[PDB]
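Asker: opening with a subset of the complex:
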Amino acid sequence: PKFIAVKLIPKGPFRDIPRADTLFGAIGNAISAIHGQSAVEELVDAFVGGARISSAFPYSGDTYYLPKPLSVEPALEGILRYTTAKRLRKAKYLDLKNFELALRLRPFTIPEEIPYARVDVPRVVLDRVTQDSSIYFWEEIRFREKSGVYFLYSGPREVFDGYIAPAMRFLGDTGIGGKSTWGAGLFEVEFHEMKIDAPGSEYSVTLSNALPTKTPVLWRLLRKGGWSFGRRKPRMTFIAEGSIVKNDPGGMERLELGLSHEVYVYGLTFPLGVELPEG
Amino acid sequence: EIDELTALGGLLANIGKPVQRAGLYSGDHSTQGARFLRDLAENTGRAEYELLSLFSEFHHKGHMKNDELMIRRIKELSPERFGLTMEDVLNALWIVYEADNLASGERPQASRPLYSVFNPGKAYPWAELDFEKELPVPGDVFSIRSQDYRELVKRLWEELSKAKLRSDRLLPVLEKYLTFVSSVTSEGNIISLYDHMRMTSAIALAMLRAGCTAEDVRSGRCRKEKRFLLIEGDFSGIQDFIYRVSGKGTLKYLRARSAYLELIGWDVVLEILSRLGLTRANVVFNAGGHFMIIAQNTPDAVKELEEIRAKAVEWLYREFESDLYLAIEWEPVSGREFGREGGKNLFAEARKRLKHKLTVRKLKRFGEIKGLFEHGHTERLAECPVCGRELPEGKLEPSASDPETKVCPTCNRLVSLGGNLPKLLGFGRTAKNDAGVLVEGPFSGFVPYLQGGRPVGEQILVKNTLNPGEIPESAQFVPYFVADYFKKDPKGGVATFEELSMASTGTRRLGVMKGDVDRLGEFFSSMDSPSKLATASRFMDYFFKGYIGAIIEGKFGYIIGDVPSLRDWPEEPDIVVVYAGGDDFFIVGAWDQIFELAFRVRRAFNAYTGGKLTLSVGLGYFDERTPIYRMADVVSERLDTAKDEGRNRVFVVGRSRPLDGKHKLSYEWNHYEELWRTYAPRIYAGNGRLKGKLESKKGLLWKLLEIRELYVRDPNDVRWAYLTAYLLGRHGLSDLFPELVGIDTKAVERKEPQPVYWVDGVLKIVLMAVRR
């Protein structure tokens, strides 16, 4: 399990931490520009076979953060004081050192500070003749000086360098969603290698949106829907990152939406092994 | 019937204790309650009062001797007047006997009152309920004079004569008077007399359903066998449900949601009670989207509880797109599992077996659906502009504000309910396909019982009063309390966001506070019997339900004292209690009275509890033009700022801090209320104006908050020490702020903030109360 980490060093403030499906729709819309139409459907067949990506997760000066599994909650009492049993459960992200410990059900530590800060900036709308104001709020993720966001890739490198590494240079100059005409989703890219040790067992946490075919073991549910070319997507029941499946490959559902091409929604799981308690 | 006669048999058993502490007859209150129920059957009485004297007479085991005394007395008495069998009336005596021991636990001295559930050293002076003109503060112990117990009985003599002899009608009478009466006179008894008679009735109704007979109760088989079944549920997703609405529906709509959630909370609990054959005594508590019912362990009931749960959740999936979930779990216990055995608390670890089944079920958030992860693309859905639910087109109907927007159908029922809140006296639980129902629950429909109107339905929820005023004789009376203060507008209605802040002190702003009791889940594990937990979850319940109304009405100056207050409390304050659950509250209002209220709630809470539990209030200040889903988002994060630090501390103002970690933001409660005593009466006089000769120097207090901004870029610099001294010199104000002109060598060695760090929040409240 040596993962090609893709670091996204932000320029302007992101609209959100990109979900896994925000990325794959961004990547597919890149390859429809820098590779034409037929290479995107070829890209979709590559992720069906072996290739998997993950959701984006923050990083703070090489200290790579990762989602906390839901494997720790049913037996957090078997780990370890009541104040510690809540602040460890309330958390959302764990460090790369501490994500490996909770896969083996070891005692561990939460991070102290979160890198990003969801701030809300007020903007205004002005008519051109009378300069009369019309306020509306707006809110976006604002990252710190060193920090940023990354995500993972595991698969054949001839699919990486052929597809993703072009797309993450085209997506450095048009954003990953949000009001990317205000310089929101823009970044610069550097690639790395990253290693997470997984204990061999039949249960697995998913580092991306699961969208399962069979019912998982323990799952934090998530409802979101996208926007392809001005067309609303229906709300789908993805699972959030860090839920536990047993031998589930996930899936992608093509959607109609009245476009010239079919539109796929990435929900392929990203399994890393986990040790579950009794239930 | 034979069912209900055992239900009142446990409920009316320990009566005789309130006639014992007077001394109308001799001792042995089982002999007293036999005479107290015999003479009530004489005048203005039914026939059961002679027969319900049997239950009070033969408990405590001094009266069932050789199983032989019980028969000859009731050989003369006639059970055929209602059709009771000679042995089946003997059966109900044993069942009340065992339930009289199970709710009690391991257990006369003199006449000690109700010792308080938070400090068992202190006690309650005896008082009535209804939360009006009285705050029961646990004070010094005073054994009650026996002359007081005479007028208690005569008032109870009259109230038992009027009320229908029925299980749901004696409960609001016994809760009215015997709430503050101790059951067993002992050292630090914190078990009330209402609850000890209520759980005695609650268990006896389950022992009848479990299927035990008289000699099985006599044998040791009925205890130490799995026959009881602790149902417990919880709503997970309340704060993500009420507050996630956009900039529509200002405060008539949020106040409608928070009572809509309580309807669903009762529409499930009352569904469990009817389907299992249980009364309202079998509810241990129900507050804040979390209940607990004691029930029987049959194979028959567990078939029913899976039907209740699967029908609730599939309602909560279509009507709300997985925003709210009702996780119901049960666990079979034995009889011995209630009381403490040895030194080990069996009831806590039996509650940990049940709370863990909650924690797993909150993870598998929608498991019993089977169309959950199924995908079917339906043509052309759209979403609501108010609440953001996705509906198919055509179901979106025009609103009650503008015909331009196309809101949910379930929002127009909550705007119309948003106007019917002052014109309201309760709800009526009735069938789904009825006329006049605003809102539907997971099992039934709720008709509004207005100001002028007649109640309709088979069960009638009645808000904030325990007396069946205009209720028919056939109906069931289910009283629920709710924190319900609201400032009325010039009309007869609920205030707006944009009314409260125009009528505020100083500048205009909306003052949201959201605070909650800390370490409360560790507190309810201290209890070790169903008598003890039903009390502690009810006295904690009535603070945020009833006694928070009397604080906002402006009372109890002896208990509270003086708070950090910009102006003295008005007659009709402009405060809108959105939600207040029992562990939690969320109150909006005029932003310089919410500031005054938070120190007025905390002060009264610290004397309601005997100094043992604390609040953590997270104050925010937001403009009227602000969507509520952001106001609850920022304030709850200002809550968890004041929660993870010390759990006894108030957030006051958004304040800048160094990146070291030594400087924590939110003020300790006692530490802040001396910063008001020093800083405020020397720079502020009251009612939004400043002290003498400090006017035309409001530029100064901004400059004094500029020097605080030099402490934040560099904490190590001592540039703030002389700039403090000089700016007070040039303006001639050398007398003000002596704590800030000099460094504190005591504060350096303690590694605590300097006194220029604390001055930000105490200056801004004085500054924002002036127009600034």
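Answerer: That came through fine. Residues are numbered from 1 along each chain as shown, chains lettered A, B, ... in the order given.

Asker: excluding chain neighbours, what is closest to the residue of the stretch 601-750 of chain B found nearest chain A?
Answerer: Using Cβ to the nearest Cβ, residue B:644 is the residue of the stretch 601-750 of chain B that sits closest to chain A, at 6.3 Å. Backbone N, C-alpha and C define where each C-beta goes, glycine included. Ranked by Cβ to Cβ, 6 or more residues apart in numbering or on different chains and with sequence neighbours excluded, the top spatial neighbour of residue B:644 is residue A:87, at 6.3 Å.

Asker: one step back: secondary structure element for the residue of the stretch 601-750 of chain B closest to chain A?
Answerer: In this structure, residue B:644 sits in neither a helix nor a strand according to DSSP states H and E.

Asker: can you list phi and psi of it for me?
Answerer: phi -80, psi -10 (degrees, to the nearest 10).

Asker: show me what contacts the residue in the stretch 301-450 of chain B that chain A sits nearest to?
Answerer: Here the stretch 301-450 of chain B gets closest to chain A at one residue, residue B:363, 4.5 Å apart by Cβ to the nearest Cβ. The contact partners of residue B:363, taken as Cβ atoms under 8 Å, 6 or more residues apart in numbering or on different chains, are A:70, A:73-74, A:218-220.

Asker: make it 7 Å
Answerer: A:70, A:73-74, A:218 (Cβ atoms under 7 Å, 6 or more residues apart in numbering or on different chains).

Asker: next up, phi/psi of the closest residue to chain B within the stretch 101-250 of chain A, please.
Answerer: Taking Cβ to the nearest Cβ, chain B has its nearest neighbour within the stretch 101-250 of chain A at residue A:218, 4.5 Å off. Main-chain dihedrals, residue A:218, degrees, to the nearest 10: phi -150, psi 120.

Asker: drop chain C onto that structure:
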Amino acid sequence: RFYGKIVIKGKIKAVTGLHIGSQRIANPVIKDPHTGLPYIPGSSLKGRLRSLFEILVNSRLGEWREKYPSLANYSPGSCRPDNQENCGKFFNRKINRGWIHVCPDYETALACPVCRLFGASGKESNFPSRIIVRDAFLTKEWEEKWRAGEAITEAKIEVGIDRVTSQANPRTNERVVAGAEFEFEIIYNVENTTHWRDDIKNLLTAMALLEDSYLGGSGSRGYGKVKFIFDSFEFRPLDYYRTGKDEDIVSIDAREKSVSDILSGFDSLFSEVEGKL
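Answerer: Adding chain C to what we have so far:
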């Protein structure tokens, strides 16, 4: 489709101190939520280049009916006096109360010289923007003067004076300290090679107007005078994004001013682009 991305970089020189504000010193400038350095939003610079280019077209709604179609469907002026969307007049989008020019569909927005570049939503169409106005932050020379003890904001107290009795009514305004340097970045997208030319002529025209007008704030009391110093023109072709092999067309404008770049250097510096398109 996609051809390449003309990335403009350079420096913004706020010659006279400018103010933006957050509405929360009574009118504080916007800063970062962490470091506290002030900046220019991308929206306060896209919309300001939109207002100034909107008015110029508003005068020339007649003369540009042969160069651009979909201006024959407009007459100059607002639509405030009758609350009627897409009427005969030009500013036909009421956002909350402000009436802004936004074209309603695609095939009229493709010809309209504002909505083609700056972008327009409308109903059923949503023609996206073509420029990407990235934010502007202080130059590392000025990020270091932030660390060198200098104050980067300063309060100006203006007053309001009674005409007869000459009373004083002050107020405060936190501005950015005059003389500062912001480094900007404007990333055009080459969608169509037919009207490749005019969008760079119509963007630099809006900067000729922004250099004479103000950039937000009080402005007419003096708080604008933003000045553009260009440093790099690029092209970033479609060959570049496929492989990453650095063969992008670069035009040197290291000492070129924004009126010395429109025609003084526009045939000159973008001569190398026109062979590649």
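
Asker: please reconsider the contacts of residue B:363 now that chain C is part of the model.
Answerer: Residue B:363 neighbours (Cβ under 7 Å, 6+ apart): A:70, A:73-74, A:218.

Asker: by neighbour count, which of those residues wins?
Answerer: residue A:70 (24 neighbours; other Cβ atoms under 10 Å in any protein chain shown).

Asker: pretty sure that residue contacts residue A:243?
Answerer: Yes: taking Cβ atoms under 7 Å as the definition, residue A:70 is a contact partner of residue A:243 at 5.5 Å.

Asker: can you pull the residues that touch both of those two?
Answerer: A:218, A:220.

Asker: now the strands for the stretch 401-550 of chain B?
Answerer: In the stretch 401-550 of chain B, the strands defined using DSSP state E, counting those that start in this stretch lie at B:406-407, B:427-430, B:439-440, B:445-448, B:459-463, B:476-480, B:513-517.

Asker: centre of the chain versus the longest helix seen in chain A, how much separation?
Answerer: When chain A is scanned for its longest helix (criterion: DSSP state H), the result is helix A:20-34. Put simply, helix A:20-34 sits 14 Å off its chain's centre (Cα atoms, centre = their mean, to the nearest Å).

Asker: show me what it is packed against.
Answerer: With contacts defined as 3 or more Cβ pairs under 7 Å, 6 or more residues apart in numbering or on different chains; DSSP states H and E, helix A:20-34 has these neighbours: helix A:38-49, strand A:52-53, helix A:165-170, helix C:238-243.

Asker: so after the shortest one, what's the next helix or strand?
Answerer: Next in sequence after strand A:52-53, counting helices and strands by DSSP H and E, comes strand A:57-60.

Asker: can I get the helices and strands packed on helix A:20-34 in a markdown table including mean neighbour count?
Answerer: Listed next are those as a markdown table, based on neighbours: other Cβ atoms under 10 Å in any protein chain shown:
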| stretch | mean neighbour count |
| --- | --- |
| helix A:38-49 | 15 |
| strand A:52-53 | 23 |
| helix A:165-170 | 21 |
| helix C:238-243 | 17 |
